[PDB]
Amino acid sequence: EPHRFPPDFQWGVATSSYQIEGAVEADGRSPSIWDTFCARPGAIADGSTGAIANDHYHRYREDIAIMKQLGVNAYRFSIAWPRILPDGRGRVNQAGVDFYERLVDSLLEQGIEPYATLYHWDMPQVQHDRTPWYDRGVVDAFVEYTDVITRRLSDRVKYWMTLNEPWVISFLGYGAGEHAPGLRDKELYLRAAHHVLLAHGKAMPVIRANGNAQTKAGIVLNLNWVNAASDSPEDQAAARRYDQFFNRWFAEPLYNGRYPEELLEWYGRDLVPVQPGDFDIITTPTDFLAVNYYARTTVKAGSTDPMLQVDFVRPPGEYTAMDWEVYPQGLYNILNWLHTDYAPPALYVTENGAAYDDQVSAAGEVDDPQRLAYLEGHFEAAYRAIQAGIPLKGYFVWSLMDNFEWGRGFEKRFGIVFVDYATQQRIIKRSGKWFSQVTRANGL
């Protein structure tokens, strides 16, 4: 049925600083909230930390050459605030800036367009101790960091993303206790969610001011396709609350200057620390919306999550090693919802991918047919979206290589490139070799 993407389509791979860089003490870097969280017993399933990770700090040139083998014309990475401003604010760490200057120069010299994420979850511990996300002071701290690094790199980086997945930062960090800094309190999560949106909005004019006419910026939302387990009123309602929680909580403020009313009511409207003018800041125009899509999530009325009064149901179907349902139609459905409801001028898929159990064969190959099929199905969905008039401008696979998968540690491998942690050897997987053909054909 299909074939070719638009001629200027951006095919990329994505990473984050803490997940790949390692060298956590190198060159003036201070501890992030993740360096501290990894010390907590039970925080990381395999007891690992991001201390070494993929050692991309030292091996970035090699990783760029692998990107060249994959044929990508774009690369999404994050900048580590703890390398740039190790005391959180104040003194710029020149050696930390130098690393991202060398990275951006090597990318552009190889013809790869840099897509820089400012915040992918690695707040300096010393800054968190002053301004956790639930503290409105965090907004100026983030803007200062944004100001510093955009001043240095905006001559070479045109595409900026403010914060990665507000829902994860706020809900998993402060609401569920699963991510740094590991707190579990409804009010703290709601405060953090609001201050992430404000930080996004105050950062936007700083990016534009430090940039030029070519500069494009937006936020990155995680969005999954949500489904009710049944037609029961109670299950439709459970699905509606979960959808509001996961999918609308950030989108509605960004585009319509309000939170979803039904959930806001359910929570206690006063728990969100909205001040006058906040929605004007949050709705500051963006050039695009970036989407991180993985799965369909099916919800019934229950008391598994006592905050939402929901249980999760696993429909008969295919699951990854994360126990996430494989549902490529969901990506079309999400993109079409965003197109019709909010009309962003441009959409990017800034993350999509899968974790399956990988083994290196005797011949040194990594044969991952489930990951290949996952990617094929989702690329086809993205193609259908483009054919339907949705302005999807690019697609970044999560991830370039196996990396530190947060609370799962190294046991869950999302790469299209295998990393042997004993040696730091990169092996391009079967899915990666296939991706190499997709990028160069600009289609399937």
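Each residue number is its position in the shown sequence, starting from 1.
- 168-176 and 69-77 differ in mean CA B-factor, and the higher of the two is recorded for 69-77.
- Averaged over Cα atoms, the B-factor as recorded in the entry is higher for 5-13 than for the other of 5-13 and 18-26.
- Listed residues 122, 351, 109, 135 were ranked by CA B-factor as deposited; 109 comes out on top.
- As recorded in the entry, 215 carries the highest CA temperature factor of 244, 215, 320, 292.
- Among all modelled residues in its chain, residue 343 ranks in the highest third by Cα B-factor.
- When all modelled residues of the chain are sorted by CA temperature factor, residue 222 is found within the lowest third.
- Ranked by C-alpha B-factor against the other modelled residues of its chain, residue 333 falls in the middle third.
- Annotation for residue 307: CA B-factor lies in the highest third of the chain's modelled residues.
- Per-chain ranking of the deposited C-alpha B factor places residue 189 in the lowest third.
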